[PDB]
2 protein chains.
Amino acid sequence: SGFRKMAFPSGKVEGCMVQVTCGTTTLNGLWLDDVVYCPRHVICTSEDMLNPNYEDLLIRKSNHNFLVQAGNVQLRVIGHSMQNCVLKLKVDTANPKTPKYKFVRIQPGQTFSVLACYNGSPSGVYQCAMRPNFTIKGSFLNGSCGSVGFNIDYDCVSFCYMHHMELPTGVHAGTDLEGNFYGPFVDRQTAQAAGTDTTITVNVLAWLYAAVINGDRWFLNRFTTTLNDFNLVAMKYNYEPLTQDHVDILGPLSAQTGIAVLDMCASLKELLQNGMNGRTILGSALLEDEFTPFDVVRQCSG
Amino acid sequence: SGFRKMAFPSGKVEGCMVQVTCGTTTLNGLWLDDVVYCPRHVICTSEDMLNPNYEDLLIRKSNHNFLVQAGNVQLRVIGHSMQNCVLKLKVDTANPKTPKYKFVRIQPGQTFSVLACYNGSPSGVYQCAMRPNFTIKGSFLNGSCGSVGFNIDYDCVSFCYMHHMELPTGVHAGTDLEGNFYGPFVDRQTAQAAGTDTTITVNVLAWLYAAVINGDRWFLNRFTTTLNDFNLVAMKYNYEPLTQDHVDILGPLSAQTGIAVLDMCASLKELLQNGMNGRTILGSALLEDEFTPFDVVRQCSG
Ligand SMILES: CN(C)CCNC(=O)C[C@H](Cc1ccc(F)cc1)NC(=O)[C@@H](Cc1ccc(Cl)cc1Cl)NC(=O)[C@H](N)Cc1ccccc1C#N
Ligand SMILES: CN(C)CCNC(=O)C[C@H](Cc1ccc(F)cc1)NC(=O)[C@@H](Cc1ccc(Cl)cc1Cl)NC(=O)[C@H](N)Cc1ccccc1C#N
Ligand code: NA
């Protein structure tokens, strides 16, 4: 028992992290087969970053402008090309530790693990949720660009995020591994802002179920509510509306605990209206929304 | 920027996890050089677990009673021996992925990463603190015994914890890699209890400093306090007393922010007496005490 924010084991991804240097800029790349993926702004200088035209900047580059280091061993670039906001560097060696992998794009509300890296060297691992405004609340210092986010499914790594930038408010923005940004952001050094955020309602319920499975029951009640009467309370507290599809995903957790989804909605209605009265749920005094139904199942009986 | 609970990259440890089977019991072992380490209760049956004598039980065993599996590849046991509460199995192969490592015992209040494993296969990574009562609040299901906790220092893995058991209250107890329990627990299936817990004061202050470094300042004040006048407030709220040695460890964080330790103590005095008034610090509505000064430095400028 116990419920903690858990990351995927990072070893399969650690063997893919390299350091890409161009000019005086150095960041991280992802080495799969004979291709290194990294943020395209690595080709920018300090002055180009204000209003770059990346088509221009790449055309003015050649293979010898990019220094690739897999540990102490320098790799040889034999080709380059741009794929939206990521640069692809072809090298003369297939990474012999290349795992089975996929490039997948995730949905707001879904989670992944981040392997934070500096100069091609992994320094830490943690879990993130894609917020409804397509930012993540991560932990990234200068030089962490190119760090990747990923899920793991039976020794297949699904890469879903590459880190590009920090916004003025301290939240983080990146692309999928095809170079397409999450959200309405561009890789240009101008102050952009995220849209307004909301709480992921289905994740909160999943977390309440996790709490019940772990012996926290103080917030339950005998009452029930209708799907429509709950969505009214959601809008008043800036929660996402609950769908009939969300209830079916919560089936396995409802099944295991005996608590119907709409009975747990009634408990959540009361926590929103009353607060917690000094008590905690799984060690938090706030309602947590960064656990998916899948994260709950995977940790509570998986 | 951003501050998250971060684990060490787990790859160096993933290549050391094996599955040890004896009788109908199967759990995880740690394979370093030609030795596999695992919890000794793997030699117990269901009836021996009530009041075992482990000297007796091991003497009645032989090398062919232990099945070791490093993936699909079965390893051959050529010797066995007991080291307090851990069993050591000698095998005919030195693990070729053995990292540079040390066996270290940690202190209450220090943190480490846990690689949770099931049947020799890593399933997740998270951070833990050793509580002052020598338990940890982890996430462990049946079969996770033998999972290890570890820190990393310049590609040297310091192993500090092996998981053995869950207590009635849901907290977890284990040994160091020399087989000596943390705290007053034994590896016998009887209901034991931990001593009473306390908040790690030096970790809370470290976390307040992390919050300042990340732009959270709402809890600061102009007031200051004396070391002795603060220790009085600590005892009233079940916090550990603050030493002169603790203040010097907080030097680097005090230096970086301009806020003296005893000025931050005055801020903590007020949060304890008043609470948070509905506000949060680094995404929490509670005072967090599972970050060391080292974890803060390592993430906020390291
Ligand atoms: C102090 N604290 C409370 C919060 C303060 N918050 C900030 O200081 C972040 C800061 C906010 C900002 C200010 C003005 C702008 F006009 C745009 C953004 N943002 C930047 O410095 C960006 C600039 C950038 C550069 C390149 C592109 Cl394509 C796109 C961009 Cl917007 N730099 C990165 O993001 C680097 N790549 C990696 C990096 C560098 C420094 C710090 C963090 C990170 C990360 N991760
Ligand atoms: C439901 N929820 C709200 C909280 C309920 N809490 C409990 O159910 C844990 C439960 C609490 C307990 C009850 C009676 C006792 F008398 C001693 C302990 N404890 C055990 O089942 C222990 C027993 C054990 C076995 C061997 C030794 Cl050496 C030492 C020990 Cl005390 N089993 C393990 O710890 C296994 N090794 C691994 C394991 C099995 C099942 C569940 C978790 C874990 C873990 N991790
Ligand atoms: Na984590």
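We count from 1, first residue shown onward.
Heads up, the Cβ atoms here are built off N, Cα and C, so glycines get one too.
Annotated features in Swiss-Prot:
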ACT_SITE  B:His41  active site, for 3CL-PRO activity
ACT_SITE  B:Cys145  active site, nucleophile
CROSSLNK  B:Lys5  ubiquitin cross-link
CROSSLNK  B:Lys90  ubiquitin cross-link
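Positions of the features from Swiss-Prot, shown on the structure.
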| residue | record | DSSP class |
| --- | --- | --- |
| B:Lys5 | ubiquitin cross-link | coil |
| B:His41 | active site, for 3CL-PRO activity | helix |
| B:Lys90 | ubiquitin cross-link | strand |
| B:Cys145 | active site, nucleophile | coil |
Distance [Cα-Cα, Å, rounded] between B:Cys145 (active site, nucleophile) and B:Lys90 (ubiquitin cross-link): 19
Of B:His41, B:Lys90, B:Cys145, chain A-adjacent recorded positions (C-beta under 8 angstroms): none
For B:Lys90 (ubiquitin cross-link): intrachain residues, at least 6 apart, with Cβ closer than 8 Å: B:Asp34, B:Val35, B:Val36, B:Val77, B:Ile78, B:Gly79, B:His80, B:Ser81
Spatial separation of B:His41 (active site, for 3CL-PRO activity) from B:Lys5 (ubiquitin cross-link) - C-alpha basis, Å: 32
Packing count at the residue listed as 'active site, nucleophile' (other Cβ atoms within 10 Å of its Cβ): 25
List of residues, in chain order, with Cβ under 8 A from that of B:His41 (active site, for 3CL-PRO activity) and at least 6 apart: B:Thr25, B:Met49, B:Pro52, B:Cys145, B:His164, B:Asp187
Around the Cβ of B:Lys5 (ubiquitin cross-link), the count of other Cβ atoms that are within 10 Å: 20
Contacting recorded positions, sequence order - B:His41, B:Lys90, B:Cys145 vs ligand 3, Cβ under 6 Å: none
Contacting recorded positions, sequence order - B:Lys5, B:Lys90, B:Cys145 vs ligand 2, Cβ under 6 Å: B:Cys145
